[PDB]
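Residue-level structure breakdown
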Amino acid sequence: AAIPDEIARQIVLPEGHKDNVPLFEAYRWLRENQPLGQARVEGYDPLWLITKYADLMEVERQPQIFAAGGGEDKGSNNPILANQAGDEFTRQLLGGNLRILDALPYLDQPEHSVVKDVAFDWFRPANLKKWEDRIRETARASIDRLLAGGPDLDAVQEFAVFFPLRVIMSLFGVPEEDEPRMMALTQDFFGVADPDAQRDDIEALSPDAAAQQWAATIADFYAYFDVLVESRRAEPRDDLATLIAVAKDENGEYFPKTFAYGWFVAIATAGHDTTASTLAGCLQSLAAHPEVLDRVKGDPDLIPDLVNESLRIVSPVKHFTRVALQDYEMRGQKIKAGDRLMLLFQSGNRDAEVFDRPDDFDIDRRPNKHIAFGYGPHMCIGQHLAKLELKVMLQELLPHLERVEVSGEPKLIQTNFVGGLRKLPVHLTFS
Ligand code: HEM
C-alpha cells in the first residue's frame, strides 16, 4: 500500500522539515516498517521514498536506469522536488520542460560527464591544497571578529555564514562588496518554501509560489553572472570563474553561457550554504556533547572525524529526485518506468543496518561511512573543498573555545531540499 498520509506529508512537504524531531522520526518509521514505499501526497507526483542506505547506493550507481533530468527527453524530470503546480509553472515558462538550469543536477550522461569534466580536476583534493593558506587566513580573520564581538551571538547569522561565503567568493573571483548580494540570493534560492524567506516580487500564497521564487532568483543570478562570464572571457584571471567562463567543448566552441551560469549558481549557493550549516550543526553538537569538544582540543587529529560525524548528523542536502527509465524491482517492490524517486540522504545517514546507535553523535566511527555527499556520478563535486574548509576552521577555532552553550531556540530553514540551521543563539566561553 501507499505510505500512510501523515508520514508521507512529513517528508514530502517543506513544512514537514521545520523541526528535525518529527522529520527524523518519520524517516525512522519508514526504515523500520516500510523502507521502500510510494508517497502519494496531494499536489505532488507519487514518489518512491528511498530511505535505506543500501538502496540509495543501488539507485545512484545505475544512472542508465535512474535518470536525474529524464534521459534523452531532456528536462522531463525535475531533479529538485517541486509540487505539481510548480512544475506546471516551469513548463509554462520554459515551454514544455523543467530544465531551468544547465547545472550538473539537471544533466544525464553523457552530457553530465562532459560538463563535469570542466571542473573535476579543480575540485580534487591535491588541487585544493594551494588554497589551504588563504582558507586558513580567512578562518583566522573570521575568528578574530568572533572574539572581538563577545560571547553572546547567533552562531549562524553572526559567525558561521560568513567564512564559507568569503572562501568561495574569493576562489570564485567575486569581489567582497558583492558578498551581501550573493548571500541574499542564496537565501531566496534555498528559502523558496520558508515563510520567513519570501521574495517581495512573487505571489507568496500561489500554489506555484516556490517555483516562481526559484525562477525569479535564477533570473537575478543570470543577470549577475552574464557580466562575470563576459568579463573573464575578455580578460582571463587565475580564478574558478575563469576556468568555467572560458570552457570550450570538443569542437573548440565555448559551452553555451547558461552552462557557466549553472556552475556559478551551484557554486554561489551550495558552495557556501552547506558548509555553513555543517559548521553551525557541529557547534550545536559540541554544546550537547561538551566531552567531545574537550577530546578534540586534546587531540586536534580528531578534527577530520568530527567533520565526518557533523556531515553525517547534519546531512544538509536532503534529496534529489530520479525517474525510472525502465521497470525495476528493488526490496520486493516493482518500480515502473516513469515513476519518480526521492533520495533521502538524511535517512540513509541514520540507517541502523550501517551505523551503530545511528542517532548518537560518535566521532569514533572509523571509517565513517556517511552518504551526506550522495553517491554515483552525481556525487558532490565540492566534497573535498567542504572537508578542507571545515577542517581548517575547526583547527583555528576549537583552541579558542572552552565551552558552547545554546542560550536560545534554534531555528531550521523550512525546506525539503538544502536545509540546516538559520539561527543558533549561543553563549561561548573563550579560552
Ligand atoms: C557540507 C557540504 C556539502 C554537502 C553535505 C553537499 C551535499 C551534496 C549532495 C548530497 C549532493 C547530491 C549528490 C547526488 O546526487 O548523489 C551534492 C551535489 C552537488 N554539490 Fe555538494 N554538498 C556540500 C558542499 C558543496 C560545495 C562546497 C560545492 C561547491 C563548491 C558543492 C557543489 C555541488 C554540486 C555542483 C553538486 C551537483 C553534482 C551533480 O549533480 O553532479 N557542494 N552535494
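Residues numbered from 1 in each chain as written, not as in the entry; some residues may be left out. Heavy atoms only, no water.

As recorded by the PDB entry, the protein chain carries the name p450tol monooxygenase and is attributed to Rhodococcus coprophilus. Looking at the Cofactor (unreviewed entry) heading of the UniProt record, one finds this comment for the protein chain: "heme". (UniProt positions renumbered as here; feature names shortened; annotations may be inferred.)

Quick look at the overall build of the protein chain now. When its secondary structure is counted, the protein chain shows 17 helices and 12 strands. Taking 2.2 N^0.38 as the reference for a compact globule, 431 residues should give roughly 22 Å; the C-alpha atoms of the protein chain span a radius of gyration of 21 Å, in line with that estimate. Across the 431 residues that make up the protein chain, the buried fraction comes to 56%. For the protein chain, long-range pairs separated by at least 24 residues make up 71% of all intrachain contacts whose partners lie at least 6 apart in sequence. (Helix = DSSP H or I, 4+ residues; strand = E, 2+ residues; numbered from the N terminus. Rg over C-alpha atoms; globule rule 2.2 N^0.38 Å. Buried < 20%, exposed > 50% of the residue type's maximum accessible area, 1.4 Å probe, protein only. Contact = heavy atoms within 4.5 Å.)

Turning our eyes to something else, we now look at the side chain of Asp 208. Structurally, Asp 208 is set in the loop between α10 (179–190) and α11 (209–234). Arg 91 is the oppositely charged side chain nearest to the buried, salt-bridge-free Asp 208, at an N-O distance of 12 Å. Not counting residues up to four positions away in its chain, the partners in contact with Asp 208 are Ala 85, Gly 86 and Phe 89. (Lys, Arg positive; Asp, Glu negative; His and termini not counted. Salt bridge = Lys/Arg side-chain N within 4 Å of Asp/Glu carboxyl O.)

The feature "binding site: heme b" (unreviewed entry), as given by UniProt, occupies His 112, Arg 322, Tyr 375, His 378 and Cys 380 in the numbering adopted here. Of the annotated residues named above, the ones that line the largest cavity are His 112, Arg 322, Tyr 375, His 378 and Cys 380. The class of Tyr 375 is partly exposed, set by a relative accessible area of 32%. With near-sequence residues (within four places) excluded, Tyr 375 lies in contact with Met 57, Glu 60 and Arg 61. Within the secondary structure, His 378 is located in the loop between α16 (345–348) and α17 (383–397). Once residues within four sequence positions are removed from consideration, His 378 is found in contact with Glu 60, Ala 68, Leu 104, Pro 105, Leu 107, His 112 and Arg 322. For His 378, the side chain forms a polar contact with the side chain of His 112, separated by 3.3 Å. (1 Å grid on protein atoms, 1.4 Å probe; cavity = no way out; pocket = protein on both sides within 12 Å on 5 of 7 lines; lining within 4 Å. Polar contact = N/O pair within 3.5 Å; in protein donor to acceptor, adjacent residues only side chain to side chain.)

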